[PDB]
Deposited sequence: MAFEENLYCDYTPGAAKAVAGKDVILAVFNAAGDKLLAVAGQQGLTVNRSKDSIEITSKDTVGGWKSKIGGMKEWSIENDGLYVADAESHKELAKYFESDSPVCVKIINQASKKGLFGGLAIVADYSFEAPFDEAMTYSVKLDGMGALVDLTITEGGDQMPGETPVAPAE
């Protein structure tokens, strides 16, 4: 086939559109892709503790790792009666943590999951564009790396 793959050979990159943020509803029985989403940022950082002393030799500072924190930023087209946005609205109103999940919907693998505060939930309505939302999810604890953890492959539905 294809002339024995002489000039065409049939994992190299993931399209961003296949990676979506999904939230669980308040009961946990439905996993909801956030409607109209367009941009996704997963932030994970670790603190560095400087432990340089006069015992330190060589002229370089001495550092050790500290504690980790994470946040998720998601923006997109805002539709107020969408079920995921009503869930996010209730989470923001009731001061309740939301279980969030990052999934590759094309490969059907979960990437990250954890409990987040809805730290920011804002909207923009320019007269010449579409109304957009912006949500910030502040991690409350561990962000589980599902790429190196067994399971976590439930798709939104």
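Missing C-alpha coordinates mark the following deposited-sequence intervals, in order: 1, 12-15, 163-170.
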